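Below is one structure, written out as structure tokens; the observations come after it.
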Amino acid sequence: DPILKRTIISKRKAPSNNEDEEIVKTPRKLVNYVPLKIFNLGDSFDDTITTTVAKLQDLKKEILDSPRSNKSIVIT
Amino acid sequence: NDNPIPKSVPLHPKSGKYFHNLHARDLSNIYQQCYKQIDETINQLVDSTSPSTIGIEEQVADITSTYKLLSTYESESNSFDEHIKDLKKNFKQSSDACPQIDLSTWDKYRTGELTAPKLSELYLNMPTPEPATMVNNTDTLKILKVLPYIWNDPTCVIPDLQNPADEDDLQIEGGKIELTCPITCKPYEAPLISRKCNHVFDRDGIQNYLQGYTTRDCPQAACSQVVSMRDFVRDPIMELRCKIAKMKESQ
Amino acid sequence: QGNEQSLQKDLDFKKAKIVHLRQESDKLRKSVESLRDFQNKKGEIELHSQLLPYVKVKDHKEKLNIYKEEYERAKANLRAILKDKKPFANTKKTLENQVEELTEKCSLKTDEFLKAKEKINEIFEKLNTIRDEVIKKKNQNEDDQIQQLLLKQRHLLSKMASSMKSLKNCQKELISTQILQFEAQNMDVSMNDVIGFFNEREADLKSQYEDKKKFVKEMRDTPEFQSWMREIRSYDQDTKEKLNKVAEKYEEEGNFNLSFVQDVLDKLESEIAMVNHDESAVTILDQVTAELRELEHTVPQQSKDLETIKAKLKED
Amino acid sequence: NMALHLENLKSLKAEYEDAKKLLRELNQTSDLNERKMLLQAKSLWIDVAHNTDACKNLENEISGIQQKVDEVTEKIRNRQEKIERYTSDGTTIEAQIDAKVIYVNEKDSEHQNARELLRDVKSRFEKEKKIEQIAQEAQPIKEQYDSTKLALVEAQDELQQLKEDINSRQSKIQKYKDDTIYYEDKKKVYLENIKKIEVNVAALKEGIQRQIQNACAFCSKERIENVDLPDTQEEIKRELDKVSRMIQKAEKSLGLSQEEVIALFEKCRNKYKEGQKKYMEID
């Protein structure tokens, strides 16, 4: 059993002083039904602006659907 | 002490029936029964004494003492009854003020952090039942306060019901009372008295001076008011004094 | 002169090609160093995966520790209370003892309450006949037997006066007794409820203890827990301590890194951006090294060709 | 004038052809951009699903507590309804004692009749020195004395029975009032619990409206269900970061910003029509 791998891993712990309650615990209130959880994860980049990209998605095709360059065919 | 047993816990409505069930028995039946008895043991001796019989003052004094003891008995017996009622009333107030227990709060009280009422002690020191609030006077003793001197001699106004000796101190003011009326010489059977008039007529005929009008003046004289026959009531002095007269007017 | 029009313009064009290929020579050096940086993942990803990432191994370790320390609270609180019922059983025994006290007490004070009522009433029997006897004697008018008859009432009244004595104590004692009993009775009711309240708490703690035992058991033998010697045994045919090559550098990047919480997301993405534009002209190295050298050499070659050409031009 | 104006035309035409080339790259730019919008929509939908699950849990628990209050209200109703009947019994039963007092006193009086008659009849046993007339007229009444006497006991025992009955009825009936007060206190605490709890319904509903409206702002609240993606916000965030970095690399590789380029592209393309109209004017 090579020494280095387990040297890298650690198992030492301190379960002596740590307690789940610092002094005591606050009991659940009879109306402790706070909805909460209105929002958990996200907010990387604004998304309404991404709606603009969604709009460009078909704006590109709408603009493609038109006469485009090399229209110098006028005579007389 | 040094045990899970706590001193006390506030009232629980589960056995509140028992709290209300607390109720003392009543003795008014026995009291009235013995009152009737003592009131008996006094009629017969009015005429059953011998002509040579001389001295019953000690008898009447003993009877009066016994009655006074009985009057105290009933008075403070009542007092205990009202105080017992007040005990359970105060306990109800305490229960209303008691922070009723539930869940695991019973241990917190067992720590001795908060108290609870204990009617046992509240009764050990119940509202002082000191003897007070009584003004005792009854016809049953109106008869005893006068029958000794009447028995000595019925024809004598010893009691004026004002000051123990008499109403008047240094004068003959007043009047000797003759029972049988000269208008109706026949003996009385059971006439009635108005307290203010301090006079009676005969078992029947108290409607003497009525012709259309239904009331008139005091019987003989020295009066400032007309009679009210709805105020007439039984008086013991009449037969109390007539008994000896009937017994002795012989031989 | 036409030969010159040809040689000089071709020499300018190939020099333009030389500078164009230089524009990608640096790009190819960048591509080589970029591929080496890309392969850096070969060491990094494999190492924190071979030594499974700390956010997994040490995460399991710490959550196991917190679950283990949770393991004892419920049972510790339970040890005292589960046996405290026996003290509670003894308290209930004491309360039913006070119930027996209630029974015997109330019974005997009821007995003296009957004693008092009987003593007054039944003795009232002879109190009654006094008048019957006296009137009976009196009816014999027709010599002096009246005295002893007239003496009775005194002693009779004294007897009844003395009789009322008890009544009072009897009356008071009973209630006093009853109330004491009631209070105790009251105490009794409270306790029975208390056991129940506690028993419900005991059931809650027992359920919680079993629940945390379930989490303790499941926390181990998990797929990653079962993965012991699999994230490590990807060296099925090279477990010969030869991994020490990365030992010191990875140790510096690890324990003394001052940061080991899903820090992979720092480079696992940046590698994607850099690698997404590469592999273009990868094998164009030879032209930029030998063909370019030949072209730049023919620069002097045809330069001297033009020297001789303009020399013949001067010879004109 | 003619050829001088034919140059400004062609150069600007090449400039526009350059803008179309840029738009060609912006096409793939947008094609890969759409991924972040899809991922965000998935995240918002799963969050909304969990929120509505929570609101249904709140509805279930409030329904349960309301049912408990319903049982409590039934307990109050049945009890109180009974107590009107007990109070009626206790207030009407007083007639029994009011009519029994006269019964007992008349029994005592009829016994007093025998009390008086006994001595009178017995007074015929005197010292005098078909003669049954000495005692026979009174002997039957003399034994009837006890038949009359038992009247007092059979009256007073019943009167004591009524006294204890009235006392017990009154006490145990009036103390049902404490039961009523205790149950009413329970009703009040439960009602105020309902009043403190229900507000959660509006607290969560205002949110539900906010997130559903936000999702609807993206013209899609049902179709993204077809999108394949892990049902975990944390992992969705990782895919979002991956695609975002890929988009940033694509944007900075071209060296130009898509929407800003498109803005100038619109006007530049319009320059084509502008130039042409005036060259037709040249005509």
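Residue numbers (the entry's author numbering), protein chains in the order written: chain D, 86 to 161; chain C, 4 to 254; chain A, 219 to 360, 748 to 921; chain B, 269 to 397, 794 to 947. From the three backbone atoms N, C-alpha and C, an ideal C-beta is built for every residue, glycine too.
A Cβ-Cβ separation of about 6 Å places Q897(B) in contact with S311(B) under the 8 Å criterion. As the crow flies, the alpha-carbon of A815(B) is around 36 Å from that of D205(C). Interface annotation for the region 902-913 of chain B against chain A: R902, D905, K906, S908, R909, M910, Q912, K913, criterion Cβ-Cβ distance under 9 Å.
A direct Cα-Cα distance of roughly 16 Å separates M270(B) from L280(B).
The region 338-351 of chain A and the region 310-324 of chain A do not touch, with fewer than 3 CB-CB distances between them shorter than 8 Å. Taking C-beta separations shorter than 8 Å and ignoring five residues to either side along the sequence, the partners of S832(A) in its chain run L270, following chain order. Per DSSP, reduced to three states, the secondary structure at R237(C) is strand. For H882(A), at least one C-beta of chain B is nearer than 9 Å to its own C-beta. The beta carbon of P239(C) is closer than 8 Å to those of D142, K145, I146 in its chain, skipping five residues each way along the sequence. Closer than 9 Å to the CB of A294(A) there is not a single CB belonging to chain D.
Per DSSP, reduced to three states, the secondary structure at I365(B) is helical. Taking CB atoms only, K390(B) has a neighbour in chain A less than 9 Å away. Rounded to the nearest angstrom, the gap between the Cα atoms of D338(B) and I330(B) is 12 Å. Note on geometry: alpha-carbon atoms of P157(C) and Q824(B) lie some 44 Å from one another.
The beta-carbon distance between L195(C) and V236(C), rounded to whole angstroms, is 6 Å. This is short enough to meet the 8 Å contact definition. Taking a C-beta distance under 9 Å as the contact criterion, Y809(B) and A382(B) qualify as a contact pair. Here the alpha carbons of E290(A) and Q103(C) stand approximately 33 Å from one another. Residues of the region 125-144 of chain D with a C-beta atom less than 8 Å from some C-beta of chain B are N125, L126, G127, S129, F130, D132, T133, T135, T136, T137, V138, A139, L141, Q142, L144, listed in chain order.
Ranked by Cα distance from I365(B), the first of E923(B), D829(B), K941(B) is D829(B).
Between the region 821-838 of chain A and the region 272-284 of chain A, the count of C-beta pairs closer than 8 Å reaches three or more; the two stretches touch. Within the model, the alpha-carbon separation for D234(C) versus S31(C) is close to 29 Å. Against chain A, a Cβ distance below 7 Å from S917(B) picks out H882.
Under the three-state reduction of DSSP, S771(A) is assigned to helix. Interface residue (Cβ-Cβ distance to chain C less than 9 Å): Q348(B) is not classified as such.
Against chain D, the CB of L870(A) has no partner CB under 9 Å away; the residue lies outside that interface.
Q308(B): member of the alpha helix (DSSP H) spanning 271-360, first to last residue. Note on the region 144-188 of chain C: whole alpha helix (DSSP H) runs with a minimum of 4 residues are 150-155, in chain order. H23(C) is classed as buried because its beta carbon has at least 16 other beta carbons within 10 Å across all chains shown. The C-alpha of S98(C) lies about 53 Å from the C-alpha of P167(C).
CA-to-CA, the gap between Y354(B) and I837(B) works out to about 6 Å. Here the C-alpha atom of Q752(A) lies approximately 18 Å from the C-alpha atom of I66(C).
With a 10 Å radius around the Cβ and a threshold of 16 neighbouring Cβ atoms, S812(A) comes out exposed. For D366(B), no chain C residue has a Cβ inside 8 Å of its Cβ, as the nearest lies near 17 Å away. Under the Cβ criterion of 9 Å, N860(A) is counted among the residues facing chain D. Considering only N4(C), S80(C), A119(C), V230(C), the residue with the shortest C-alpha distance to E133(C) is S80(C).
For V275(A), the enclosing alpha helix (DSSP H) starts and ends at 272-356.
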